Every structure is written in structure tokens, then in C-alpha cells.
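Analysis of the macromolecular model
Each chain, letter by letter, is given below.
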Amino acid sequence: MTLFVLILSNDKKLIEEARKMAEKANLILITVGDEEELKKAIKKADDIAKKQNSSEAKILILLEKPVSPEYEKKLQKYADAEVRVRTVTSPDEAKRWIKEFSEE
């Protein structure tokens, strides 16, 4: 099961903590900045997963944006995987979600 993570959250220390956490968790973290660019990173995640594990993969998206259930499933149906869209505020919060994702 290949675990990916995307992020639209440009805070200096947040990005540090977020990467450091997922990096040592050996997750595929693609840091982009833009809603459209996210869809390209998400697509890339789909492509990378597809090669081997897109049968059942899980992806986390750490973004700063109010996310609704349907909104999650829109992105979830975009890349074939089970993506969990996550709005983040502070570095520690993002790290918690990474734990809830990689260590569920």
C-alpha cells in the first residue's frame, strides 16, 4: 500500500514539520502551491500508485481550506485511492493527522 500526501499549506515551520514527519514515515509528500497544481500532484500520486498499488492506496491532503465530505470524495474519485482531505492550522496538528493516517 503506497501512502501519499499532498499539501496546500505554506507556513515555513509547518512545511518543515509536515515533511520531516512524512519523510521519515517514507510517505510520498508532494509539496505544491495552487489548487490546480494540487490536482497535478494528486494525479502524479495516482500515476505512481497505479504502477503497483493503486488497487488500494491511501492519500492524505493537508490543505488550508474548509473541506466538505463531498469535496473529499471529488478528489478521492479523481485519483484512484482513498484520500482523506485534511484542513490544517498549526504544525503539530498536521503531524497528528499524519499519525492518524500512517498509524491508523
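Our subject is the structure that appears above.
Residues numbered from 1 in each chain as written, not as in the entry; some residues may be left out. Heavy atoms only, no water.

Another aspect to go through is the side chain of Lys 58. Checked against the element boundaries, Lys 58 lands in strand 3 (residues 58-63). In this structure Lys 58 comes out as buried when scored by relative accessible area, which is 16%. Separated by 2.6 Å, the side chains of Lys 58 and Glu 104 make a polar contact. Residue contacts for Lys 58: discarding those within four places in its chain leaves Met 1, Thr 2, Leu 3, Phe 4, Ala 81, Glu 82, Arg 84, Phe 101 and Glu 104. (Helix = DSSP H or I, 4+ residues; strand = E, 2+ residues; numbered from the N terminus. Buried < 20%, exposed > 50% of the residue type's maximum accessible area, 1.4 Å probe, protein only. Polar contact = N/O pair within 3.5 Å; in protein donor to acceptor, adjacent residues only side chain to side chain. Contact = heavy atoms within 4.5 Å.)

The next subject is the environment of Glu 103. Structurally, the position occupied by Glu 103 is in the segment after helix 4 (91-102). According to the relative accessible area criterion, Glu 103 is exposed, its value standing at 55%. In the structure, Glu 103 is positioned 78 residues away from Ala 25 in sequence and 9.7 Å away in space, judged by C-alpha atoms. At a separation of 2.6 Å, a polar atom in the side chain of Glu 103 contacts the side chain of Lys 99.

To continue, consider unusual backbone geometry. Phi at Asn 26 takes a positive value of approximately 60 degrees, unusual for a residue other than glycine. Relative to the assigned elements, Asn 26 resides in the loop between helix 1 (12-24) and strand 2 (28-31). Located in the positive-phi region is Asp 34, a residue other than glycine, with phi close to 155 degrees. Along the chain, the position of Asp 34 falls in the loop between strand 2 and helix 2 (35-52). Of the residues examined, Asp 34 reaches a relative accessible area of 39% and is grouped as partly exposed.

The subject of this paragraph is the packing of aromatic side chains. If you walk through the whole model with that rule in mind, you get 0 aromatic pairs. The ring of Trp 97 carries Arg 86 above its face, with NZ or CZ at 3.8 Å from the centroid. (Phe/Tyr/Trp six-rings, centres within 6.5 Å; stacked < 30°, edge-to-face > 60°. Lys NZ or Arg CZ within 6 Å of the ring centre and 35° of its normal.)

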